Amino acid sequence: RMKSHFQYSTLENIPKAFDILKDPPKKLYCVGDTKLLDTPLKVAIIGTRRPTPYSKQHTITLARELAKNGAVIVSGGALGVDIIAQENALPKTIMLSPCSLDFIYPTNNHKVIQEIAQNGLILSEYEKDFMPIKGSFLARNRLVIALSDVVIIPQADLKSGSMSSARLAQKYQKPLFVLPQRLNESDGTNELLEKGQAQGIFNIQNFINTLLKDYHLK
């Protein structure tokens, strides 16, 4: 277990976005810039722990360009898509931690997570001495989806964390987007397209510009 040695406090108010939850957190612990919560466009970017170079390249562009234009990238700091997006969105990014803020998880991402604590924002539902179990990740995911205006899943397999979060975006009526992927690659996101549960990002520039326009950043 890795201690963060973060100094952390609590949010004054629970963000109104969490009202759509059945059991919204009544306290949220925080480290970093809470002003990131008062922005017009929050974009969740989540997905596989193992992205292809293709998926990575486009995750980077989305995160970097959206952040450049005042969008805030929301994720869970996981290996793969999450931590790629958040590093490339700094400092405009918010991590929802699956552990309490006195701990780092995952340890491999400690460098970027420390960067997020310093320049972005990390929130946790858990006060102290709390390491994630399976149920913790799932609860954390609801926070990521509820807080975000729109959700992007660049790449995912069927039966993956990203897929339960995709059904949450559907549940919480958040617009869901995926990268185009070849057949028999990224079966999760291709099944989302197939069932019409997600829309494809068939041109990255248009998606970004359209997105920034609808939320009036540009």
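Note that residue numbering begins at 1 and tracks the sequence as displayed.
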On mean C-alpha B-factor from the PDB entry, just flag whether 206-214 or 5-13 is the higher one.
206-214
Taking the deposited Cα B-factors and averaging over 95-103 and over 111-119, the higher mean is found in 111-119
Using the entry's values, work out which of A44, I60, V178, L158 has the largest Cα B factor.
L158
Third of the chain, ranked by Cα B-factor, where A169 sits:
highest
Select lowest, middle or highest to describe the third in which the CA B-factor of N190 falls within its chain in this entry.
middle
Splitting the chain's C-alpha B-factors into thirds, which one does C30 fall into?
lowest
Considering every modelled residue of the chain and its Cα B-factor in the PDB entry, is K68 in the lowest, middle or highest third?
highest
Should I153 be placed in the lowest, middle or highest third of its chain by the C-alpha B factor in the entry?
lowest
